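Step one of this worksheet: look at the structure below.
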Amino acid sequence: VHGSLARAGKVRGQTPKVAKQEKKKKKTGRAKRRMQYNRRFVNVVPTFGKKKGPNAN
Amino acid sequence: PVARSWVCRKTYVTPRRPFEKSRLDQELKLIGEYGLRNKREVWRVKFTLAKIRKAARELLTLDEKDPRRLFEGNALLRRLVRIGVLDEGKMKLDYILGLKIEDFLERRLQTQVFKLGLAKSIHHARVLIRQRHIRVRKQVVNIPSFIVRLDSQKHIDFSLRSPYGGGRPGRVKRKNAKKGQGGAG
Amino acid sequence: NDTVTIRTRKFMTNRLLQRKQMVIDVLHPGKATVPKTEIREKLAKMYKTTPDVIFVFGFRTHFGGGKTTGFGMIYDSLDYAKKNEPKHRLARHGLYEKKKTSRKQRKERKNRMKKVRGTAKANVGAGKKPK
Amino acid sequence: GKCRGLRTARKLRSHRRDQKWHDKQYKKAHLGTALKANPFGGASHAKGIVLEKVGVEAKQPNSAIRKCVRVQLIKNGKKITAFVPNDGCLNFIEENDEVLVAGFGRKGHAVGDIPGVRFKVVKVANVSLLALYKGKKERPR
RNA sequence: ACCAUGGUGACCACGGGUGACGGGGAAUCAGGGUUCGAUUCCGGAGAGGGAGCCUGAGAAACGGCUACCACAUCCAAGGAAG
RNA sequence: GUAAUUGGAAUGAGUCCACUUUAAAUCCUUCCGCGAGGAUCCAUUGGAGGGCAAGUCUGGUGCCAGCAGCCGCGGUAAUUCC
């Protein structure tokens with residue numbers, strides 16, 4: 001039907017729950033700006049392609 | 001009712017529009033190739049650069065033969081000649097207008113302890129300052145934003161209390177030599 | 001003793017106050033803040049007087065050791081040292097002892113002596129036996 | 001068009017102080033009757049108890065049952081409606097709590113697809129409605 | 001107190017509102033402005049509400065008093081204090 | 001740049017005298033000492049369709065729950081919902 005007052009809190013109330021698995025911490029602070037300038041500009045790679053961006057899948 | 005100063009102004013400025021792709025890119029290579037911590041202290045020195053141009057163009061809209069820029073622009077120039085962004089014998093109020101923020105991030109303490117051969121790897125040249133290892137002639141200072149003058153520029157050195165200029169090795173050398181003699185007499 | 005420099009500057013003696021007052025900068029290069037009681041004899045063995053009329057205070061060590069700076073002064077007498085001097089630096093080394101009441105006491109003692117009128121035997125004696 | 005001239009500034013000023021009464025977001029800031037009208041009354045937040053849970057319907061292109069409550073303010077006491085704005089968050093507001101109703105994105109007007117609502121709900125019973133959805137707090141006893 | 005019939009106004013009087021203390025100023029800024037200012041500086045006012053006073057050089061003071069009206073305290077209920 | 005192996009004239013927070021400041025004390029300033037290997041001594045807040053920098057990667061839902069300031073995405077493969 002169209003759900004008058006029932007199934008309120010439905011889609012989070014039935015979702016499969018995936019554990020947040022641990023990682024390394026991020027290099028916070030000054031070193032983030034170190035490593036991401038290093039991510040973008042110190043290696044301007046000659047890979048062409050109309051420049052597919054920074055979350056390529 | 002109080003004996004307080006009250007007086008403060010903001011030092012950095014935030015941009016007109018954010019999220020244009022030809023701003024953050026041409027500003028990111030300030031944050032990395034000169035080794036800074038956050039973009040607020042890029043806007044800081046740029047807003048410092050900005051009002052000097054706003055000063056000088058209040059001054060360039062005046063003519064020839066009036067006394068106020070004779071006091072102002074000369075006192076303007078005898079303060080940024082001594083900081084080393086602009087050399088002495090070619091003093092004009094017109095060369096200052098074509099000037100870029102690459103020179104204000106060149107006259108810091110932090111990039112001059114990289115290019116005077118005192119260290120390596122510009123981010124590391126941040127680290128030595130703040131970790132209390134670098135003195136001015138008599139004064140030890142842990143400030144990367146210390147725009148060190150042209151006058152006191154040949155005088156940056158390691159401290160007398162530094163490892164690299166003095167002694168009493170700190171807690172990593174003391175700890176390792178202790179445990180080796182900590183198995184017998 | 002060992003590696004300590006004592007210097008001073010802006011020496012102004014005066015006989016308005018009959019003192020000798022100056023700015024002292026103490027150089028301890030890699031050492032801690034020097035005791036003031038050690039400083040108030042290292043001028044006496046320079047000004048040829050006794051460590052009895054040389055008073056120092058006010059040392060704030062500059063950033064990262066080396067030159068601290070402060071005040072110091074020299075009186076012309078120990079009896080001048082008890083006339084023209086605020087009582088707190090007269091007492092940091094014992095020359096005038098100070099144990100009084102707190103001001104919370106002294107106010108409320110006067111607030112209860114205020115109600116009682118005329119009785120000289122019972123203005124002070126407004127409850128000194130009960131406490 | 002305009003009368004103009006150097007000496008006519010009385011005409012050009014008593015023409016502006018009454019042609020200013022014809023644009024709205026000035027007029028709901030100086031005329032007074034639109035200052036009393038809002039339930040918050042020149043404020044930014046209000047506390048109020050929950051009287052009724054209701055489900056309103058979404059507007060013309062959508063079709064959903066948007067959930068709302070029926071807060072009645074203790075300041076200048078009068079009935080309003082209010083929106084409880086998250087996924088599993090109907091359950092965290094219960095009957096006759098004390099919630100802090102805030103504005104809803106657009107000042108004085110409903111956003112999106114909820115016809116006839118003006119306020120949203122944060123801080124159910126001293127704890128933030130974010131801080132119950134995000135698993136940082138509970139509803140205290 | 002005796003006389004005279006005047007005065008103000010569309011160059012907005014008079015009346016109403018003010019979520020109005022005024023001013024130095026503050027936020028903002030191409031120029032032009034729009035808003036804020038209870039707030040440490042100076043000037044005004046008032047110590048719950050309105051009135052009346054003594055002393056002093058200066059107070060219609062309120063960490064001075066007396067009366068009323070609104071609020072409240074002790075009590076051995078005879079009275080006291082705000 | 002991972003996955004590394006060490007290190008050492010590297011150090012700050014933290015715990016600790018003592019001097020100092022101060023009226024008396026506190027910060028802070030100085031200075032024995034201890035004090036970093038997933039340096040566990042750990043950085044969040046908001047977003048990722050367009051305005052607006054950043055994903056048609058996966059699972060769940062199925063005009064429901066919900067998102068969205070505006071346009072819009074939602075009806076069994078969603079670049080916006082969990």
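As shown in the structure tokens, the chain order sets the letters A, B, ...; within each chain, residues go from 1, and ligands are also counted from 1 in the order they appear.
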Distance query residue A:25 at most 10 Å, only C-alpha atoms (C1' of nucleotides), self and fewer than 5 positions along chain excluded, as a PDB file with C-alpha atoms (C1' of nucleotides), in the first residue's frame:
ATOM      1  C1'   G F  38      50.276  -0.079  13.159  1.00  0.00           C
ATOM      2  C1'   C F  42      44.727   7.740  16.019  1.00  0.00           C
ATOM      3  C1'   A F  43      41.041  14.668  13.168  1.00  0.00           C
TER       4        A F  43
END
**Request:** From a DSSP calculation on the backbone, collect every residue of chain C in alpha helix (DSSP H) and output the set as a list in words.
**Result:**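 For chain C, the alpha helix (DSSP H) set is residues 36, 37, 38, 39, 40, 41, 42, 80, 81, 82, 83, 103, 104, 105, 106, 107, 108, 109, 110, 111, 112, 113, 120, 121, 122 and 123 of chain C.
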**Request:** Excluding stretch 34-39 of chain E and residues on its chain fewer than 2 positions from it, collect all residues at most 12 Å away from it, counting only C-alpha atoms (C1' of nucleotides), and give them as a list in words.
**Result:**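 Selected residues are residues 1 of chain B; 26 and 29 of chain D; 20, 21, 22, 23, 24, 25, 26, 27, 28, 29, 32 and 41 of chain E.
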Using N, CA and C atoms (P, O5', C5', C4', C3', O3' and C1' of nucleotides), can you write the selected residues to a file as a PDB file, in the first residue's frame?
ATOM      1  N   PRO B   1      36.309  50.278  33.725  1.00  0.00           N
ATOM      2  CA  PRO B   1      35.549  49.027  33.766  1.00  0.00           C
ATOM      3  C   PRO B   1      36.360  47.841  33.269  1.00  0.00           C
TER       4      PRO B   1
ATOM      5  N   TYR D  26      11.435  44.098   2.700  1.00  0.00           N
ATOM      6  CA  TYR D  26      11.429  45.245   3.598  1.00  0.00           C
ATOM      7  C   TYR D  26      10.181  45.248   4.460  1.00  0.00           C
ATOM      8  N   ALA D  29       9.713  43.464   7.537  1.00  0.00           N
ATOM      9  CA  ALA D  29      10.721  43.786   8.526  1.00  0.00           C
ATOM     10  C   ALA D  29      10.465  45.106   9.239  1.00  0.00           C
TER      11      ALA D  29
ATOM     12  P     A E  20      13.349  49.308  17.726  1.00  0.00           P
ATOM     13  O5'   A E  20      13.819  49.857  19.143  1.00  0.00           O
ATOM     14  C5'   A E  20      13.125  50.920  19.775  1.00  0.00           C
ATOM     15  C4'   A E  20      13.980  52.152  19.837  1.00  0.00           C
ATOM     16  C3'   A E  20      14.432  52.592  21.209  1.00  0.00           C
ATOM     17  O3'   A E  20      15.497  51.814  21.719  1.00  0.00           O
ATOM     18  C1'   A E  20      13.702  54.460  19.994  1.00  0.00           C
ATOM     19  P     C E  21      15.502  51.358  23.258  1.00  0.00           P
ATOM     20  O5'   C E  21      16.269  52.531  23.995  1.00  0.00           O
ATOM     21  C5'   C E  21      17.417  53.122  23.418  1.00  0.00           C
ATOM     22  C4'   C E  21      17.345  54.621  23.507  1.00  0.00           C
ATOM     23  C3'   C E  21      18.429  55.387  22.779  1.00  0.00           C
ATOM     24  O3'   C E  21      18.214  55.472  21.382  1.00  0.00           O
ATOM     25  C1'   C E  21      18.148  56.287  24.936  1.00  0.00           C
ATOM     26  P     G E  22      19.466  55.482  20.374  1.00  0.00           P
ATOM     27  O5'   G E  22      19.995  56.974  20.470  1.00  0.00           O
ATOM     28  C5'   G E  22      19.134  58.048  20.142  1.00  0.00           C
ATOM     29  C4'   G E  22      19.800  59.376  20.356  1.00  0.00           C
ATOM     30  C3'   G E  22      21.213  59.501  19.830  1.00  0.00           C
ATOM     31  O3'   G E  22      21.287  59.707  18.433  1.00  0.00           O
ATOM     32  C1'   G E  22      21.139  60.339  22.014  1.00  0.00           C
ATOM     33  P     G E  23      22.354  58.875  17.562  1.00  0.00           P
ATOM     34  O5'   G E  23      23.748  59.524  17.954  1.00  0.00           O
ATOM     35  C5'   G E  23      23.992  60.891  17.682  1.00  0.00           C
ATOM     36  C4'   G E  23      25.285  61.365  18.287  1.00  0.00           C
ATOM     37  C3'   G E  23      26.523  60.545  17.999  1.00  0.00           C
ATOM     38  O3'   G E  23      27.034  60.688  16.688  1.00  0.00           O
ATOM     39  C1'   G E  23      26.500  61.095  20.264  1.00  0.00           C
ATOM     40  P     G E  24      27.815  59.461  16.011  1.00  0.00           P
ATOM     41  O5'   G E  24      29.231  59.472  16.724  1.00  0.00           O
ATOM     42  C5'   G E  24      30.106  60.572  16.572  1.00  0.00           C
ATOM     43  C4'   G E  24      31.262  60.483  17.528  1.00  0.00           C
ATOM     44  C3'   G E  24      32.314  59.447  17.187  1.00  0.00           C
ATOM     45  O3'   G E  24      33.222  59.893  16.194  1.00  0.00           O
ATOM     46  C1'   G E  24      31.741  59.247  19.458  1.00  0.00           C
ATOM     47  P     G E  25      33.243  59.226  14.730  1.00  0.00           P
ATOM     48  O5'   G E  25      32.871  57.703  14.972  1.00  0.00           O
ATOM     49  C5'   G E  25      33.878  56.725  15.173  1.00  0.00           C
ATOM     50  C4'   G E  25      33.305  55.544  15.898  1.00  0.00           C
ATOM     51  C3'   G E  25      33.128  54.270  15.090  1.00  0.00           C
ATOM     52  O3'   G E  25      34.315  53.500  15.024  1.00  0.00           O
ATOM     53  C1'   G E  25      31.142  54.742  16.255  1.00  0.00           C
ATOM     54  P     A E  26      34.626  52.571  13.749  1.00  0.00           P
ATOM     55  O5'   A E  26      33.526  51.417  13.811  1.00  0.00           O
ATOM     56  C5'   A E  26      33.602  50.388  14.791  1.00  0.00           C
ATOM     57  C4'   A E  26      32.431  49.438  14.711  1.00  0.00           C
ATOM     58  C3'   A E  26      32.244  48.713  13.395  1.00  0.00           C
ATOM     59  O3'   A E  26      33.117  47.608  13.256  1.00  0.00           O
ATOM     60  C1'   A E  26      30.162  49.528  14.146  1.00  0.00           C
ATOM     61  P     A E  27      33.834  47.311  11.853  1.00  0.00           P
ATOM     62  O5'   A E  27      32.748  46.492  11.040  1.00  0.00           O
ATOM     63  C5'   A E  27      32.301  45.234  11.509  1.00  0.00           C
ATOM     64  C4'   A E  27      31.111  44.757  10.728  1.00  0.00           C
ATOM     65  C3'   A E  27      31.247  44.819   9.222  1.00  0.00           C
ATOM     66  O3'   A E  27      32.000  43.749   8.685  1.00  0.00           O
ATOM     67  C1'   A E  27      29.185  45.735   9.834  1.00  0.00           C
ATOM     68  P     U E  28      33.124  44.027   7.572  1.00  0.00           P
ATOM     69  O5'   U E  28      32.290  44.467   6.294  1.00  0.00           O
ATOM     70  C5'   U E  28      31.357  43.579   5.705  1.00  0.00           C
ATOM     71  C4'   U E  28      30.445  44.301   4.756  1.00  0.00           C
ATOM     72  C3'   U E  28      31.140  45.047   3.641  1.00  0.00           C
ATOM     73  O3'   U E  28      31.581  44.218   2.585  1.00  0.00           O
ATOM     74  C1'   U E  28      29.525  46.447   4.600  1.00  0.00           C
ATOM     75  P     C E  29      32.956  44.564   1.839  1.00  0.00           P
ATOM     76  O5'   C E  29      32.595  45.843   0.971  1.00  0.00           O
ATOM     77  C5'   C E  29      31.587  45.766  -0.025  1.00  0.00           C
ATOM     78  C4'   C E  29      31.132  47.126  -0.482  1.00  0.00           C
ATOM     79  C3'   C E  29      32.083  47.806  -1.460  1.00  0.00           C
ATOM     80  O3'   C E  29      31.401  48.243  -2.622  1.00  0.00           O
ATOM     81  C1'   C E  29      31.598  49.260   0.368  1.00  0.00           C
ATOM     82  P     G E  32      31.044  58.522  -2.165  1.00  0.00           P
ATOM     83  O5'   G E  32      29.475  58.367  -2.345  1.00  0.00           O
ATOM     84  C5'   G E  32      28.751  59.243  -3.192  1.00  0.00           C
ATOM     85  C4'   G E  32      27.375  58.709  -3.475  1.00  0.00           C
ATOM     86  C3'   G E  32      26.589  58.227  -2.276  1.00  0.00           C
ATOM     87  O3'   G E  32      26.004  59.285  -1.544  1.00  0.00           O
ATOM     88  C1'   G E  32      26.395  56.665  -4.027  1.00  0.00           C
ATOM     89  P     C E  41      33.884  54.345  30.785  1.00  0.00           P
ATOM     90  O5'   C E  41      35.087  55.263  30.301  1.00  0.00           O
ATOM     91  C5'   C E  41      35.605  55.152  28.988  1.00  0.00           C
ATOM     92  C4'   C E  41      35.535  56.459  28.246  1.00  0.00           C
ATOM     93  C3'   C E  41      34.411  57.403  28.647  1.00  0.00           C
ATOM     94  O3'   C E  41      34.759  58.234  29.744  1.00  0.00           O
ATOM     95  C1'   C E  41      34.416  57.132  26.292  1.00  0.00           C
TER      96        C E  41
END
**Item:** residue B:60 surroundings by only C-alpha atoms (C1' of nucleotides), 12 Å radius, close-in-sequence under 6 positions cut, as a ChimeraX atom specification
**Value:** /B:52-54,66,68-70,72-73,92-97
**Item:** Spatial neighbours of stretch 18-20 of chain A, 12 Å, only C-alpha atoms (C1' of nucleotides), chain gap at least 5 places, as a ChimeraX atom specification
**Value:** /F:59-60,82
Please produce a file of those selected residues containing N, CA and C atoms (P, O5', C5', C4', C3', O3' and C1' of nucleotides), as a PDB file, in the first residue's frame.
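Output below, filename selection.pdb:
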ATOM      1  P     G F  59      25.890  -5.535  -6.885  1.00  0.00           P
ATOM      2  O5'   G F  59      25.254  -5.643  -5.428  1.00  0.00           O
ATOM      3  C5'   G F  59      25.498  -6.782  -4.614  1.00  0.00           C
ATOM      4  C4'   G F  59      25.226  -6.517  -3.153  1.00  0.00           C
ATOM      5  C3'   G F  59      23.791  -6.208  -2.762  1.00  0.00           C
ATOM      6  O3'   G F  59      22.980  -7.362  -2.658  1.00  0.00           O
ATOM      7  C1'   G F  59      25.234  -4.681  -1.698  1.00  0.00           C
ATOM      8  P     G F  60      21.436  -7.312  -3.102  1.00  0.00           P
ATOM      9  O5'   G F  60      20.756  -6.316  -2.067  1.00  0.00           O
ATOM     10  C5'   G F  60      20.280  -6.800  -0.824  1.00  0.00           C
ATOM     11  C4'   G F  60      19.661  -5.710   0.007  1.00  0.00           C
ATOM     12  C3'   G F  60      18.369  -5.108  -0.511  1.00  0.00           C
ATOM     13  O3'   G F  60      17.239  -5.916  -0.236  1.00  0.00           O
ATOM     14  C1'   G F  60      19.814  -3.387   0.194  1.00  0.00           C
ATOM     15  P     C F  82      20.327   8.309   3.098  1.00  0.00           P
ATOM     16  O5'   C F  82      20.547   6.922   3.827  1.00  0.00           O
ATOM     17  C5'   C F  82      19.608   6.463   4.778  1.00  0.00           C
ATOM     18  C4'   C F  82      19.781   4.994   5.030  1.00  0.00           C
ATOM     19  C3'   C F  82      21.202   4.557   5.310  1.00  0.00           C
ATOM     20  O3'   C F  82      21.557   4.749   6.663  1.00  0.00           O
ATOM     21  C1'   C F  82      20.229   3.120   3.704  1.00  0.00           C
TER      22        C F  82
END
**Prompt:** Looking at C:88, C:31, C:99, C:60, which one is nearest to residue F:29, with distances taken over only C-alpha atoms (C1' of nucleotides)?
**Reply:**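 Checking each candidate against residue F:29, we get C:60 as the closest.
If you measure from each of F:39, F:68, F:73, F:63 to residue D:63 using only C-alpha atoms (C1' of nucleotides), the closest one turns out to be F:63.
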Could you give me, as CSV, every chain C residue with an atom at most 9 Å from chain B, plus its closest atom pair and distance in Å to one decimal, counting only C-alpha atoms, rows ordered by chain then number?
residue,atom,partner,partner_atom,distance
C:29,CA,B:160,CA,8.7
C:30,CA,B:161,CA,7.0
C:62,CA,B:139,CA,8.8
C:63,CA,B:140,CA,7.1
C:64,CA,B:140,CA,6.1
C:65,CA,B:140,CA,8.6
C:66,CA,B:138,CA,8.3
